[PDB]
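Next up: a single chain in structure tokens, the form deposited in one PDB entry.
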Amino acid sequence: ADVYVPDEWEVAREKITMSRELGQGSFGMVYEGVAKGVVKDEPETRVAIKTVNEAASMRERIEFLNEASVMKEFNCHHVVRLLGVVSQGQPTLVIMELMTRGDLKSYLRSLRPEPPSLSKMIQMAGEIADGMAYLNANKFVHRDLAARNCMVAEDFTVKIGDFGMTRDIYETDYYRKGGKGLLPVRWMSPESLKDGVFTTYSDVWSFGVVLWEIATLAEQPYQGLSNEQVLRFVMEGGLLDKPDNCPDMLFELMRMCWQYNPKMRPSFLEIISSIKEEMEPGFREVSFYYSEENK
């Protein structure tokens, strides 16, 4: 077996059926399929099946497994769910909640004329903020919040995905610096760019950039600035320009998230409270915000 430390998340491979490809993932191809007994009331569930290249060592396979194991601790409607792991023998698999529409950056670019209404943009923002508020409440700091790291469900619901996970696909969204490691510099707070430290406040900064991506259909932030120019611009108080035809209140939220002083930024909870009224009816029943765990 691709033996790491198996735990209660292991699922027999005979319970998984792979139907067709979804697309290339960082460690290998991702397929859609069905898994038996991964959800309480469901005999079988439609799922996403992540695989690792046939060419891959024990270390790399264990890496793939360890990377996925962070989500074992999450249980939130607005965070993509991990459903199982096949670590015993080849091929190594990770079973996840199926999100048919792929990553949010790709979804956004697919809407290009060659877009979401303000109410639809608020809905995405609220869903993303709810997933983040849930993570921050549980002491988790994402460190790589960006549209590329959010996923879109069949019914269009947006959910938080893995830190990185979509790093080998959008390589230009990363830059090698700070201990010469790949960092998503165009999404990073000025304080993180300076000392390499990430907090819930810096996750909120990144959230502002996500709003900006949504408002521009995922253009590259700071287009026209090199990676090195970005570091200097942002560290010295520079901000992204209000997108063309961007609703005022959306840009207002961005500016709040982009306060130079991290303590001046709103919390994900505060963001949600400000748009709560605009969220579709069912938000009350599925959100972390309105849950008994939020308090």
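So that there is no doubt, residue numbering starts at 1 and follows the sequence shown. The term rigid core refers to the most C-alpha atoms you can superpose between the two forms while keeping them within 1.5 Å.
The form deposited in another entry is left out here; the points below concern that form.
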Open item on the list: Listing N53, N227, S267, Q259 as candidates, which single one shows a C-alpha movement of 2 Å or greater between this form and the one not shown when the core is held fixed?
Closed with: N53
- [ ] Superpose on the rigid core, then tell me if the C-alpha of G282 is displaced by 2 angstroms or more between this form and the one not shown.
- [x] no
Open item on the list: Once you overlay the rigid core, does the Cα of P43 travel 2 Å or further between this form and the one not shown?
Closed with: yes
Task: Rigid-core frame, C-alpha of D173, shift of 2 angstroms or more between this form and the one not shown - done: yes
TODO: Note whether the distance between the C-alpha atoms of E127 and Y174 decreases (closer) or increases (farther) in the other entry, against the displayed form; the change is 3 Å or more.
DONE: farther
Open item on the list: What direction does the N227-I169 Cα distance move in the other entry compared with the shown chain, closer or farther, given a change of 3 Å or more?
Closed with: farther
